[PDB]
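Form deposited in one PDB entry, single chain, as structure tokens, below.
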């Protein structure tokens, strides 16, 4: 009977109450409900005991099943008999915001389970809550620890959380569950694009740059991802740095929303592999103009199946031939020539220093069939 004298705060009321240090929090609550009428303003499950801190993130709810002495309580400490139920704004998959009363003492996981049940979602484990704006000044990331509470993470009641389904994708090429292999595919594809080995359009370069932003900086932040934030040399093929790509790139970045790094790498790779130019060995050549002294720069591509003539600026395939249409080919130290015989009127000849390299490649590919 070495009683604990605790100040009980309910609204404007302060009553000092005696408890044995072994008293259970649930019993302490009952004792308060029998003495202070203010304590009866709602059901016992809507209230709890709370130990405040100047830092709201450091305030703690007592667990019903614990004893008061677990919380290292001492004579003269104040305990607040406070309402647990708070509002939580959640952005739905359809973009609408639903406000729901949640128990501030519960974990993010427990709130997500409550959320799913109210909107009729069959598996809460396929979803997560994300932050709208992560406070950079604090250690508050866009990612939320689903084992910790909203209070301890500094999620203020006027803050919205987004409902997002967990991303999963796989095929013969890529698997979202193997981030190692996915990173190998990503880096290769990215590097080919940035160094011009894989020629793409300006519009595509800006899409690839938007994903690259998403991967390297996370979701677009308008307050941080401003004019001159990007070193465009690192995000675009050199030939597109001249152009005002930043506006285009920031819109592509913005269009990604709160897409995970994994999803952005998967989308990058799948987008790179979708282009006709993917896996094509390109040579920058020059075309002679009959009766003129100008030459027209062009991109010549080679694959096991075909030869393509691609516009150097737009990267449009303006012609293509099957490797099986080649009748003869011939190289010199200043030019390369293709003969398609019946499958075209005139040879296709271009000015190039790498004619032997081109011819070597074609020889190799022709070697397999017949």
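Note that the rigid core is defined as the largest set of C-alphas that superpose within 1.5 Å between two forms. Residue numbers count along the first chain shown, from 1.
S.K.: Quick check: 226-234 versus 276-284, which has the larger average CA B-factor in the record?
M.R.: Result of the comparison: 226-234.
S.K.: Given the B-factors recorded for C-alpha atoms, which segment has the greater mean, 238-246 or 213-221?
M.R.: Mean CA B-factor is higher for 238-246.
S.K.: So among 187, 134, 264, 162, who wins on Cα B-factor in the entry?
M.R.: Within the set 187, 134, 264, 162, 134 shows the top C-alpha B-factor.
S.K.: Which has the highest CA B-factor per the PDB entry: 201, 260, 251, 172?
M.R.: Among 201, 260, 251, 172, the PDB entry lists the largest C-alpha B-factor for 172.
S.K.: Using the B-factor values recorded in the entry, state whether the Cα atom of residue 301 falls in the lowest, middle or highest third among the modelled residues of its chain.
M.R.: Its C-alpha B-factor belongs to the lowest third of this chain's values.
S.K.: Comparing residue 120 with the other modelled residues of its chain, is its CA B-factor in the lowest, middle or highest third?
M.R.: For residue 120, the deposited C-alpha B-factor lands in the highest third.
S.K.: Ranking the modelled residues of this chain by C-alpha B-factor as given in the entry, is residue 114 in the lowest, middle or highest third?
M.R.: It belongs to the highest third of the chain when residues are ordered by C-alpha B-factor.
S.K.: Looking at the C-alpha B-factor of residue 344, is it in the lowest, middle or highest third of its chain?
M.R.: For residue 344, whose C-alpha B-factor we compare with every modelled residue in the chain, the answer is the highest third.
S.K.: State the tercile, meaning the lowest, middle or highest third, of residue 8 with respect to the CA B-factors recorded for its chain.
M.R.: Within its chain, residue 8 is a lowest-third residue by C-alpha B-factor, going by the deposited values.
What follows is about the form deposited in another entry, which we do not show.
S.K.: Pick from 232, 90, 185, 194: whose Cα moves by 2 Å or more between the shown form and the other one, rigid core superposed?
M.R.: Result of the superposition: 90 is the only one at 2 Å or more.
S.K.: Superposing on the rigid core, is the Cα displacement of residue 246 between the shown form and the other one 2 Å or more?
M.R.: No; residue 246 is a residue whose C-alpha shifts by less than 2 Å between the shown form and the other one when the cores are overlaid.
S.K.: Do you see a C-alpha shift of 2 Å or more at residue 310 between the shown form and the other one, with the core held fixed?
M.R.: Shift at residue 310: below 2 Å after core fit.
S.K.: So, does residue 176 move by 2 Å or more at the CA between the shown form and the other one, with the core held fixed?
M.R.: It does not, since the residue 176 C-alpha is displaced less than 2 Å between the shown form and the other one after the core fit.
S.K.: A 3 angstroms or greater change in CA distance between residue 249 and residue 159 is reported in the other form. Closer or farther than in this form?
M.R.: Residues separate in the other form, at least 3 Å farther apart.
S.K.: Report the direction of the Cα distance change between residue 272 and residue 166 in the other form, compared with the displayed form, as closer or farther; the change is 3 Å or more.
M.R.: So the answer is closer.
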